[PDB]
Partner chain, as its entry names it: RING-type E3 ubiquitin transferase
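Only one chain is given next, in structure tokens, and it is the form solved without its partner chain.
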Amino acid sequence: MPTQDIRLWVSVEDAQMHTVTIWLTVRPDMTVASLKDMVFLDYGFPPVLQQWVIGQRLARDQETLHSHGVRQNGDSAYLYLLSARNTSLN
């Protein structure tokens, strides 16, 4: 579309006491639920494990990124991962 996507930085925090940072390309029209999934798709980050933190976060996973303050690139979010995990597709 004429309007490009935006790049969102996400801080990943694990129960296993390690922290990583990821950059996600999306649009504010997206939501955490959708976003959470791509992160799962992208990083195999179990959506169950994924604890997403945004200053403008709402318990509702469905609300848009824009509604969570992600209006453009340079926006940053925080993700926490549980001790649990997932299984490899292959």
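Numbering follows the first chain given and starts at 1.
Here the subject shifts to the form deposited with its partner chain bound, a form of this protein not shown in this document.
Visitor: Evaluate residue 52 for contact with its partner chain in the entry with it bound, applying a 4.5 angstroms cut-off between non-hydrogen atoms, and reply yes or no.
Guide: No, no contact at 4.5 Å.
Visitor: In the entry with it bound, is there a heavy atom of its partner chain that lies within 4.5 Å of any heavy atom of residue 72, even though the partner is absent here?
Guide: The answer is no: residue 72 has no heavy atom within 4.5 Å of its partner chain.
Visitor: Could you tell me if residue 41 has a non-hydrogen atom within 4.5 Å of its partner chain in the entry with it bound?
Guide: Close contact exists here: in the entry with it bound, residue 41 approaches its partner chain to within 4.5 Å, heavy atoms only.
Visitor: Taking its partner chain as it sits in the entry with it bound, is residue 76 in contact with it (heavy atom to heavy atom, 4.5 Å or less)?
Guide: Judged by the heavy-atom cut-off of 4.5 Å, residue 76 is well away from its partner chain in the entry with it bound.
Visitor: At 4.5 Å by heavy atoms, is each residue in 29, 35 and 65 next to its partner chain in the entry with it bound?
Guide: Per the other structure, none of 29, 35 and 65 touch its partner chain.
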